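**Q** Quick one, run30.cif (mmCIF, N, CA, C and O atoms and all ligand atoms):
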data_data
#
loop_
_atom_site.label_atom_id
_atom_site.label_comp_id
_atom_site.auth_asym_id
_atom_site.auth_seq_id
_atom_site.Cartn_x
_atom_site.Cartn_y
_atom_site.Cartn_z
N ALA R 1 227.32 294.07 46.18
CA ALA R 1 226.91 294.08 44.75
C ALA R 1 227.63 292.98 43.99
O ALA R 1 228.32 292.15 44.58
N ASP R 2 227.48 292.99 42.67
CA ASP R 2 228.12 291.99 41.82
C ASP R 2 229.50 292.48 41.38
O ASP R 2 229.84 292.44 40.20
N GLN R 3 230.30 292.91 42.35
CA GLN R 3 231.63 293.42 42.06
C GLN R 3 232.52 292.30 41.52
O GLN R 3 233.13 292.45 40.46
N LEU R 4 232.58 291.18 42.23
CA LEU R 4 233.38 290.05 41.80
C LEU R 4 232.55 289.13 40.91
O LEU R 4 232.06 288.09 41.36
N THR R 5 232.37 289.54 39.66
CA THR R 5 231.60 288.76 38.71
C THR R 5 232.43 287.62 38.14
O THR R 5 232.38 286.50 38.65
N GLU R 6 233.20 287.92 37.09
CA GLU R 6 234.03 286.92 36.44
C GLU R 6 233.17 285.72 36.03
O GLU R 6 233.44 284.58 36.39
N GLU R 7 232.15 286.01 35.24
CA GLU R 7 231.22 284.99 34.78
C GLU R 7 231.29 284.87 33.26
O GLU R 7 231.47 283.77 32.70
N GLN R 8 231.15 286.00 32.59
CA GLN R 8 231.20 286.07 31.14
C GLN R 8 232.59 286.49 30.71
O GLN R 8 233.11 286.03 29.69
N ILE R 9 233.19 287.36 31.52
CA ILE R 9 234.54 287.87 31.27
C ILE R 9 235.56 286.75 31.15
O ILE R 9 236.58 286.88 30.47
N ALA R 10 235.28 285.62 31.80
CA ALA R 10 236.16 284.47 31.76
C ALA R 10 236.25 283.89 30.35
O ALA R 10 237.25 283.28 29.97
N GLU R 11 235.20 284.12 29.57
CA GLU R 11 235.15 283.62 28.21
C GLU R 11 235.84 284.56 27.24
O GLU R 11 236.23 284.15 26.14
N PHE R 12 235.98 285.82 27.63
CA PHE R 12 236.64 286.82 26.79
C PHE R 12 238.14 286.57 26.82
O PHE R 12 238.81 286.62 25.79
N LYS R 13 238.65 286.25 28.00
CA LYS R 13 240.06 285.96 28.18
C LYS R 13 240.43 284.66 27.49
O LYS R 13 241.59 284.43 27.13
N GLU R 14 239.43 283.82 27.27
CA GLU R 14 239.64 282.54 26.62
C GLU R 14 239.97 282.74 25.15
O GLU R 14 240.66 281.93 24.54
N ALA R 15 239.50 283.85 24.59
CA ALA R 15 239.76 284.15 23.19
C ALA R 15 241.26 284.29 22.97
O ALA R 15 241.83 283.68 22.07
N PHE R 16 241.92 285.05 23.83
CA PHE R 16 243.36 285.27 23.72
C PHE R 16 244.16 284.03 24.15
O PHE R 16 245.39 284.05 24.18
N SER R 17 243.45 282.96 24.47
CA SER R 17 244.08 281.73 24.90
C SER R 17 243.89 280.60 23.89
O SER R 17 244.78 279.77 23.69
N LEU R 18 242.74 280.58 23.24
CA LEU R 18 242.43 279.54 22.26
C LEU R 18 242.52 280.05 20.82
O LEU R 18 242.77 279.28 19.90
N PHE R 19 242.32 281.35 20.63
CA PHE R 19 242.36 281.93 19.30
C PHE R 19 243.79 282.23 18.87
O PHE R 19 244.22 281.84 17.78
N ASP R 20 244.55 282.90 19.74
CA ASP R 20 245.94 283.25 19.42
C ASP R 20 246.91 282.18 19.91
O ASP R 20 246.72 281.61 20.99
N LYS R 21 247.92 281.89 19.10
CA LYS R 21 248.93 280.90 19.45
C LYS R 21 250.32 281.51 19.37
O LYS R 21 251.32 280.81 19.57
N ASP R 22 250.40 282.80 19.08
CA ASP R 22 251.70 283.46 18.98
C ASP R 22 252.11 284.02 20.34
O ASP R 22 253.29 284.15 20.64
N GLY R 23 251.12 284.35 21.15
CA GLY R 23 251.39 284.90 22.45
C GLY R 23 251.31 286.40 22.43
O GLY R 23 251.97 287.08 23.23
N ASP R 24 250.52 286.92 21.52
CA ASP R 24 250.36 288.35 21.36
C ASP R 24 249.07 288.84 22.02
O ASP R 24 249.01 289.97 22.51
N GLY R 25 248.06 287.99 22.03
CA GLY R 25 246.79 288.34 22.63
C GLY R 25 246.06 289.40 21.83
O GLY R 25 245.43 290.29 22.40
N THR R 26 246.17 289.32 20.51
CA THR R 26 245.52 290.25 19.62
C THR R 26 244.94 289.51 18.42
O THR R 26 245.44 288.45 18.06
N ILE R 27 243.90 290.05 17.82
CA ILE R 27 243.30 289.41 16.66
C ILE R 27 243.73 290.09 15.37
O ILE R 27 243.38 291.25 15.12
N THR R 28 244.52 289.39 14.58
CA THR R 28 244.97 289.90 13.30
C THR R 28 244.47 288.99 12.20
O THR R 28 243.75 288.01 12.47
N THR R 29 244.82 289.31 10.97
CA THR R 29 244.43 288.50 9.82
C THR R 29 244.87 287.04 9.97
O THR R 29 244.20 286.13 9.48
N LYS R 30 245.98 286.84 10.68
CA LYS R 30 246.54 285.51 10.90
C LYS R 30 245.61 284.62 11.72
O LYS R 30 245.35 283.48 11.35
N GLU R 31 245.07 285.14 12.82
CA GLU R 31 244.20 284.35 13.69
C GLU R 31 242.77 284.30 13.14
O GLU R 31 242.04 283.34 13.38
N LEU R 32 242.42 285.32 12.39
CA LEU R 32 241.08 285.41 11.81
C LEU R 32 240.90 284.39 10.68
O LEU R 32 239.82 283.85 10.49
N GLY R 33 241.98 284.11 9.96
CA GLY R 33 241.91 283.16 8.86
C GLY R 33 242.23 281.73 9.25
O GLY R 33 241.69 280.80 8.66
N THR R 34 243.06 281.55 10.27
CA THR R 34 243.46 280.21 10.70
C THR R 34 242.26 279.37 11.15
O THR R 34 242.19 278.18 10.82
N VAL R 35 241.33 279.97 11.88
CA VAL R 35 240.16 279.25 12.35
C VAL R 35 239.25 278.85 11.18
O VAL R 35 238.85 277.69 11.07
N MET R 36 238.96 279.80 10.29
CA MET R 36 238.12 279.52 9.12
C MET R 36 238.76 278.46 8.23
O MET R 36 238.07 277.61 7.66
N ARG R 37 240.08 278.52 8.14
CA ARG R 37 240.87 277.59 7.34
C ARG R 37 240.61 276.14 7.74
O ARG R 37 240.64 275.24 6.91
N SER R 38 240.35 275.91 9.02
CA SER R 38 240.09 274.57 9.52
C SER R 38 238.64 274.43 9.98
O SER R 38 238.31 273.58 10.81
N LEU R 39 237.77 275.26 9.42
CA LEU R 39 236.36 275.22 9.77
C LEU R 39 235.49 275.07 8.53
O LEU R 39 234.59 274.22 8.50
N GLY R 40 235.74 275.88 7.51
CA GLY R 40 234.97 275.82 6.28
C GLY R 40 235.73 276.36 5.10
O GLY R 40 235.19 277.11 4.28
N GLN R 41 237.01 275.96 5.01
CA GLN R 41 237.91 276.38 3.94
C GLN R 41 238.30 277.85 4.08
O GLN R 41 237.50 278.69 4.50
N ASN R 42 239.54 278.15 3.75
CA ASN R 42 240.06 279.50 3.85
C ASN R 42 239.79 280.29 2.57
O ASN R 42 240.02 279.79 1.47
N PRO R 43 239.28 281.52 2.71
CA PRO R 43 239.00 282.40 1.56
C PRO R 43 240.29 282.97 0.98
O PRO R 43 241.38 282.64 1.44
N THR R 44 240.17 283.82 -0.03
CA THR R 44 241.35 284.41 -0.64
C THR R 44 241.89 285.55 0.22
O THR R 44 241.21 286.04 1.13
N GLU R 45 243.12 285.98 -0.06
CA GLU R 45 243.76 287.05 0.69
C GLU R 45 242.93 288.33 0.63
O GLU R 45 242.78 289.03 1.64
N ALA R 46 242.37 288.61 -0.54
CA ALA R 46 241.54 289.80 -0.72
C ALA R 46 240.33 289.76 0.21
O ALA R 46 240.00 290.75 0.86
N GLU R 47 239.69 288.60 0.26
CA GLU R 47 238.52 288.39 1.11
C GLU R 47 238.88 288.53 2.58
O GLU R 47 238.11 289.06 3.38
N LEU R 48 240.08 288.08 2.94
CA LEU R 48 240.54 288.16 4.32
C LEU R 48 240.87 289.60 4.68
O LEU R 48 240.61 290.04 5.80
N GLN R 49 241.45 290.31 3.73
CA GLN R 49 241.81 291.71 3.92
C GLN R 49 240.57 292.53 4.23
O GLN R 49 240.55 293.34 5.16
N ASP R 50 239.52 292.30 3.45
CA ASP R 50 238.27 293.02 3.62
C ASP R 50 237.64 292.69 4.96
O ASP R 50 237.06 293.55 5.61
N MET R 51 237.77 291.43 5.37
CA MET R 51 237.20 290.96 6.63
C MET R 51 237.80 291.66 7.84
O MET R 51 237.06 292.10 8.72
N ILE R 52 239.12 291.79 7.90
CA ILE R 52 239.76 292.45 9.04
C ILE R 52 239.51 293.96 8.98
O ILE R 52 239.48 294.64 10.01
N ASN R 53 239.29 294.46 7.78
CA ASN R 53 239.01 295.88 7.57
C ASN R 53 237.58 296.19 8.00
O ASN R 53 237.23 297.33 8.33
N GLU R 54 236.77 295.14 8.03
CA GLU R 54 235.37 295.25 8.40
C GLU R 54 235.20 295.20 9.92
O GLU R 54 234.10 295.41 10.44
N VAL R 55 236.29 294.93 10.63
CA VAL R 55 236.24 294.86 12.08
C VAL R 55 237.15 295.91 12.72
O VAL R 55 236.73 296.65 13.61
N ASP R 56 238.38 296.00 12.25
CA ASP R 56 239.33 296.95 12.79
C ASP R 56 239.01 298.36 12.29
O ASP R 56 239.31 298.71 11.15
N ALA R 57 238.37 299.14 13.15
CA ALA R 57 237.99 300.50 12.80
C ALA R 57 239.10 301.49 13.11
O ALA R 57 239.01 302.67 12.76
N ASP R 58 240.15 301.02 13.78
CA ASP R 58 241.27 301.88 14.13
C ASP R 58 242.21 302.07 12.94
O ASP R 58 242.90 303.09 12.83
N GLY R 59 242.25 301.09 12.06
CA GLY R 59 243.07 301.20 10.87
C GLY R 59 244.46 300.62 11.00
O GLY R 59 245.44 301.24 10.58
N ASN R 60 244.58 299.43 11.58
CA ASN R 60 245.87 298.78 11.72
C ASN R 60 245.75 297.26 11.57
O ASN R 60 246.75 296.56 11.45
N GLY R 61 244.51 296.76 11.58
CA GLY R 61 244.29 295.33 11.42
C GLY R 61 244.62 294.55 12.68
O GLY R 61 244.97 293.37 12.61
N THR R 62 244.53 295.21 13.82
CA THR R 62 244.83 294.57 15.09
C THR R 62 243.83 294.98 16.16
O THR R 62 243.48 296.16 16.28
N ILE R 63 243.35 294.00 16.91
CA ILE R 63 242.41 294.24 17.99
C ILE R 63 243.01 293.79 19.32
O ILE R 63 243.35 292.61 19.49
N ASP R 64 243.15 294.73 20.24
CA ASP R 64 243.69 294.45 21.56
C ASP R 64 242.55 294.20 22.55
O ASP R 64 241.38 294.16 22.16
N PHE R 65 242.90 294.07 23.82
CA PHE R 65 241.92 293.83 24.88
C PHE R 65 240.84 294.93 24.90
O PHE R 65 239.65 294.61 24.87
N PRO R 66 241.23 296.23 24.97
CA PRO R 66 240.27 297.35 24.98
C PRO R 66 239.31 297.29 23.79
O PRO R 66 238.12 297.61 23.92
N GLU R 67 239.81 296.88 22.63
CA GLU R 67 238.99 296.78 21.43
C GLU R 67 238.04 295.59 21.53
O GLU R 67 236.84 295.71 21.25
N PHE R 68 238.58 294.46 21.95
CA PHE R 68 237.82 293.23 22.09
C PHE R 68 236.67 293.41 23.07
O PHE R 68 235.58 292.87 22.86
N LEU R 69 236.92 294.17 24.13
CA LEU R 69 235.91 294.43 25.15
C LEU R 69 234.67 295.11 24.57
O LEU R 69 233.56 294.92 25.06
N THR R 70 234.86 295.88 23.51
CA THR R 70 233.75 296.57 22.88
C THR R 70 233.22 295.77 21.68
O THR R 70 232.02 295.71 21.44
N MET R 71 234.14 295.15 20.96
CA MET R 71 233.81 294.36 19.77
C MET R 71 232.87 293.20 20.11
O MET R 71 231.85 293.02 19.45
N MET R 72 233.21 292.43 21.14
CA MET R 72 232.41 291.28 21.52
C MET R 72 231.30 291.65 22.51
O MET R 72 230.85 290.82 23.29
N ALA R 73 230.88 292.91 22.47
CA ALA R 73 229.83 293.37 23.37
C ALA R 73 228.75 294.15 22.61
O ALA R 73 227.56 294.04 22.91
N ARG R 74 229.17 294.92 21.61
CA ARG R 74 228.25 295.73 20.82
C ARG R 74 227.58 294.91 19.71
O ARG R 74 227.77 295.20 18.52
N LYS R 75 226.80 293.91 20.10
CA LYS R 75 226.11 293.06 19.14
C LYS R 75 224.93 293.81 18.52
O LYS R 75 224.22 294.54 19.21
N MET R 76 224.74 293.64 17.22
CA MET R 76 223.64 294.30 16.51
C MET R 76 222.31 293.69 16.92
O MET R 76 222.28 292.64 17.58
N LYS R 77 221.21 294.32 16.54
CA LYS R 77 219.88 293.82 16.89
C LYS R 77 219.43 292.76 15.90
O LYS R 77 218.50 292.00 16.16
N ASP R 78 220.09 292.71 14.76
CA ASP R 78 219.77 291.74 13.74
C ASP R 78 220.80 290.63 13.75
O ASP R 78 221.99 290.87 13.93
N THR R 79 220.33 289.40 13.58
CA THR R 79 221.21 288.25 13.58
C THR R 79 221.29 287.63 12.18
O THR R 79 220.27 287.50 11.49
N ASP R 80 222.49 287.28 11.77
CA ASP R 80 222.70 286.68 10.45
C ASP R 80 222.66 285.16 10.55
O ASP R 80 222.48 284.63 11.67
N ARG D 1 229.04 290.31 7.94
CA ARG D 1 229.87 291.36 8.56
C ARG D 1 230.90 290.73 9.49
O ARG D 1 230.67 289.65 10.04
N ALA D 2 232.04 291.40 9.66
CA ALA D 2 233.10 290.91 10.53
C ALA D 2 232.61 290.77 11.95
O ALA D 2 233.05 289.89 12.68
N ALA D 3 231.67 291.61 12.34
CA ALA D 3 231.13 291.55 13.68
C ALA D 3 230.30 290.30 13.89
O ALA D 3 229.85 290.05 14.99
N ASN D 4 229.96 289.62 12.81
CA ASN D 4 229.26 288.34 12.87
C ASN D 4 230.25 287.20 12.61
O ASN D 4 230.20 286.14 13.23
N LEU D 5 231.17 287.43 11.67
CA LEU D 5 232.18 286.43 11.31
C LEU D 5 233.24 286.31 12.40
O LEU D 5 234.08 285.43 12.35
N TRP D 6 233.22 287.24 13.34
CA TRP D 6 234.12 287.20 14.49
C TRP D 6 233.46 286.34 15.58
O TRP D 6 234.08 285.43 16.12
N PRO D 7 232.19 286.66 15.95
CA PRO D 7 231.40 285.85 16.90
C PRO D 7 231.36 284.37 16.52
O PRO D 7 231.32 283.51 17.40
N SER D 8 231.36 284.08 15.23
CA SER D 8 231.32 282.70 14.76
C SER D 8 232.53 281.90 15.31
O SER D 8 232.31 280.90 16.00
N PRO D 9 233.80 282.29 15.03
CA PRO D 9 234.97 281.60 15.60
C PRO D 9 234.92 281.57 17.12
O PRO D 9 235.37 280.61 17.75
N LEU D 10 234.38 282.63 17.72
CA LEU D 10 234.26 282.70 19.17
C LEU D 10 233.29 281.62 19.66
O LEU D 10 233.46 281.05 20.74
N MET D 11 232.29 281.33 18.84
CA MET D 11 231.31 280.30 19.14
C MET D 11 232.00 278.94 19.08
O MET D 11 231.68 278.02 19.83
N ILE D 12 232.99 278.85 18.19
CA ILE D 12 233.79 277.64 18.06
C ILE D 12 234.67 277.51 19.29
O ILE D 12 234.88 276.41 19.81
N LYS D 13 235.14 278.65 19.77
CA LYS D 13 235.97 278.71 20.97
C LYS D 13 235.15 278.23 22.17
O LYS D 13 235.65 277.49 23.01
N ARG D 14 233.90 278.66 22.23
CA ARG D 14 232.99 278.26 23.30
C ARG D 14 232.80 276.75 23.26
O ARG D 14 232.78 276.09 24.30
N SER D 15 232.68 276.22 22.06
CA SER D 15 232.51 274.79 21.86
C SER D 15 233.76 274.04 22.34
O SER D 15 233.67 272.98 22.96
N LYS D 16 234.93 274.62 22.07
CA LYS D 16 236.19 274.03 22.49
C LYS D 16 236.33 274.12 24.00
O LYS D 16 236.89 273.23 24.64
N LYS D 17 235.82 275.20 24.57
CA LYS D 17 235.86 275.41 26.02
C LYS D 17 235.00 274.36 26.72
O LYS D 17 235.25 273.97 27.86
N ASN D 18 233.98 273.91 26.00
CA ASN D 18 233.07 272.89 26.50
C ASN D 18 233.64 271.50 26.22
O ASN D 18 233.50 270.59 27.03
N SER D 19 234.29 271.36 25.08
CA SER D 19 234.91 270.10 24.69
C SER D 19 236.38 270.08 25.13
O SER D 19 236.65 269.80 26.33
CA CA I 1 248.72 286.11 17.29
CA CA I 2 242.21 297.65 16.06
#
Take the structure from the file and write it as structure tokens.

**A**
Amino acid sequence: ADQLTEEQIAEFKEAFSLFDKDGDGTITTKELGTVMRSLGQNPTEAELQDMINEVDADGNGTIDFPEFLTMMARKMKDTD
Amino acid sequence: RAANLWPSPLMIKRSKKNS
């Protein structure tokens, strides 16, 4: 079977390699804003707060591997 | 939504992975 895949999963691990620079392997307000900051201007703290609150359903503002595995997989049927 | 604004930076990551 397709036991040894490592096709798409290789790109998930890349997130904790290109997105985070602290060596934590988690997505917080810091990594969420740093990319936008050098992509299309950084929003206000309030806007950033709401953004991480709109993703972190656990209530800590941090996404680990187990969370990321579901976050970057449960795509909606509608595209923005 | 964050679930879209998250995929966006990831798309940038994909671009970096290519570049
Ligand atoms: Ca970090
Ligand atoms: Ca979380």

**Q** Kindly work out which residues sit at most 8 Å from ligand CA 2 (chain I), using all atoms listed in the file, and give the list as a PyMOL selection string.

**A** chain R and resi 27+52+55-64+67-68

**Q** If the limit is 9 Å from any atom of ligand CA 1 (chain I), counting only C-alpha atoms and all ligand atoms, which residues qualify? Return them as a PyMOL selection string.

**A** chain R and resi 16+19-31

**Q** Can you write just those residues out, N, CA, C and O atoms, as an mmCIF file, in the coordinates of the input?

**A**
data_model
loop_
_atom_site.group_PDB
_atom_site.id
_atom_site.type_symbol
_atom_site.label_atom_id
_atom_site.label_comp_id
_atom_site.auth_asym_id
_atom_site.auth_seq_id
_atom_site.Cartn_x
_atom_site.Cartn_y
_atom_site.Cartn_z
ATOM 1 N N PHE R 16 241.920 285.050 23.830
ATOM 2 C CA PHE R 16 243.360 285.270 23.720
ATOM 3 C C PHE R 16 244.160 284.030 24.150
ATOM 4 O O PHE R 16 245.390 284.050 24.180
ATOM 5 N N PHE R 19 242.320 281.350 20.630
ATOM 6 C CA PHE R 19 242.360 281.930 19.300
ATOM 7 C C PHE R 19 243.790 282.230 18.870
ATOM 8 O O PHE R 19 244.220 281.840 17.780
ATOM 9 N N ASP R 20 244.550 282.900 19.740
ATOM 10 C CA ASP R 20 245.940 283.250 19.420
ATOM 11 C C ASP R 20 246.910 282.180 19.910
ATOM 12 O O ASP R 20 246.720 281.610 20.990
ATOM 13 N N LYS R 21 247.920 281.890 19.100
ATOM 14 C CA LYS R 21 248.930 280.900 19.450
ATOM 15 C C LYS R 21 250.320 281.510 19.370
ATOM 16 O O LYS R 21 251.320 280.810 19.570
ATOM 17 N N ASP R 22 250.400 282.800 19.080
ATOM 18 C CA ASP R 22 251.700 283.460 18.980
ATOM 19 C C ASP R 22 252.110 284.020 20.340
ATOM 20 O O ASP R 22 253.290 284.150 20.640
ATOM 21 N N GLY R 23 251.120 284.350 21.150
ATOM 22 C CA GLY R 23 251.390 284.900 22.450
ATOM 23 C C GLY R 23 251.310 286.400 22.430
ATOM 24 O O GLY R 23 251.970 287.080 23.230
ATOM 25 N N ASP R 24 250.520 286.920 21.520
ATOM 26 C CA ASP R 24 250.360 288.350 21.360
ATOM 27 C C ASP R 24 249.070 288.840 22.020
ATOM 28 O O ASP R 24 249.010 289.970 22.510
ATOM 29 N N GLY R 25 248.060 287.990 22.030
ATOM 30 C CA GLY R 25 246.790 288.340 22.630
ATOM 31 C C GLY R 25 246.060 289.400 21.830
ATOM 32 O O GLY R 25 245.430 290.290 22.400
ATOM 33 N N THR R 26 246.170 289.320 20.510
ATOM 34 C CA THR R 26 245.520 290.250 19.620
ATOM 35 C C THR R 26 244.940 289.510 18.420
ATOM 36 O O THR R 26 245.440 288.450 18.060
ATOM 37 N N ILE R 27 243.900 290.050 17.820
ATOM 38 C CA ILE R 27 243.300 289.410 16.660
ATOM 39 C C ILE R 27 243.730 290.090 15.370
ATOM 40 O O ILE R 27 243.380 291.250 15.120
ATOM 41 N N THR R 28 244.520 289.390 14.580
ATOM 42 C CA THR R 28 244.970 289.900 13.300
ATOM 43 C C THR R 28 244.470 288.990 12.200
ATOM 44 O O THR R 28 243.750 288.010 12.470
ATOM 45 N N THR R 29 244.820 289.310 10.970
ATOM 46 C CA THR R 29 244.430 288.500 9.820
ATOM 47 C C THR R 29 244.870 287.040 9.970
ATOM 48 O O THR R 29 244.200 286.130 9.480
ATOM 49 N N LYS R 30 245.980 286.840 10.680
ATOM 50 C CA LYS R 30 246.540 285.510 10.900
ATOM 51 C C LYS R 30 245.610 284.620 11.720
ATOM 52 O O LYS R 30 245.350 283.480 11.350
ATOM 53 N N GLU R 31 245.070 285.140 12.820
ATOM 54 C CA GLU R 31 244.200 284.350 13.690
ATOM 55 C C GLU R 31 242.770 284.300 13.140
ATOM 56 O O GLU R 31 242.040 283.340 13.380
#

**Q** Using all atoms listed in the file, what table do you get, as JSON lines, when you list each residue of chain R with an atom no more than 8 Å from chain D, its nearest pair of atoms, and their distance in Å rounded to one decimal, rows by chain then rising number?

**A**
{"residue": "R:11", "atom": "O", "partner": "D:10", "partner_atom": "O", "distance": 6.8}
{"residue": "R:14", "atom": "O", "partner": "D:13", "partner_atom": "CA", "distance": 6.7}
{"residue": "R:15", "atom": "CA", "partner": "D:10", "partner_atom": "CA", "distance": 7.0}
{"residue": "R:18", "atom": "CA", "partner": "D:13", "partner_atom": "CA", "distance": 6.6}
{"residue": "R:19", "atom": "N", "partner": "D:13", "partner_atom": "CA", "distance": 6.9}
{"residue": "R:31", "atom": "O", "partner": "D:9", "partner_atom": "CA", "distance": 7.6}
{"residue": "R:32", "atom": "O", "partner": "D:5", "partner_atom": "O", "distance": 6.2}
{"residue": "R:35", "atom": "CA", "partner": "D:9", "partner_atom": "CA", "distance": 6.6}
{"residue": "R:36", "atom": "N", "partner": "D:9", "partner_atom": "CA", "distance": 6.9}
{"residue": "R:50", "atom": "O", "partner": "D:2", "partner_atom": "N", "distance": 6.8}
{"residue": "R:51", "atom": "O", "partner": "D:2", "partner_atom": "CA", "distance": 4.5}
{"residue": "R:52", "atom": "N", "partner": "D:2", "partner_atom": "CA", "distance": 6.6}
{"residue": "R:53", "atom": "C", "partner": "D:2", "partner_atom": "CA", "distance": 7.4}
{"residue": "R:54", "atom": "O", "partner": "D:2", "partner_atom": "N", "distance": 4.6}
{"residue": "R:55", "atom": "N", "partner": "D:2", "partner_atom": "CA", "distance": 5.1}
{"residue": "R:56", "atom": "N", "partner": "D:2", "partner_atom": "CA", "distance": 7.5}
{"residue": "R:71", "atom": "O", "partner": "D:3", "partner_atom": "O", "distance": 5.7}
{"residue": "R:72", "atom": "CA", "partner": "D:3", "partner_atom": "O", "distance": 7.1}
{"residue": "R:74", "atom": "O", "partner": "D:3", "partner_atom": "O", "distance": 6.6}
{"residue": "R:75", "atom": "CA", "partner": "D:3", "partner_atom": "O", "distance": 6.3}
{"residue": "R:76", "atom": "N", "partner": "D:3", "partner_atom": "O", "distance": 6.6}
{"residue": "R:78", "atom": "O", "partner": "D:4", "partner_atom": "CA", "distance": 7.8}
{"residue": "R:80", "atom": "N", "partner": "D:4", "partner_atom": "CA", "distance": 6.9}

**Q** I'd like to know which residues of chain D are helix (DSSP H, G or I) (by DSSP, run on the backbone); could you write them as a list in words?

**A** residues 2, 3, 4, 5, 7, 8, 9, 10, 11, 12, 13, 14, 15, 16, 17 and 18 of chain D

**Q** Kindly give the distance, in Å, that separates atom CA of residue 66 of chain R and atom N of residue 13 of chain R, rounded to a single decimal.

**A**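 Here the two named atoms are 11.6 Å from each other.
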
**Q** By how many Å are atom N of residue 33 of chain R and atom O of residue 48 of chain R apart?

**A** 7.4 Å

**Q** So that all listed atoms of segment 61-72 of chain R fit with 6 Å spare on each side, what axis-aligned box centre and edge lengths in Å, to one decimal, would you give as AutoDock Vina command-line options?

**A**
--center_x 237.9 --center_y 294.2 --center_z 18.3 --size_x 26.1 --size_y 18.8 --size_z 25.7

**Q** Can you measure atom CA of residue 73 of chain R to atom CA of residue 5 of chain R for me? One decimal in Å is fine.

**A** 16.1 Å
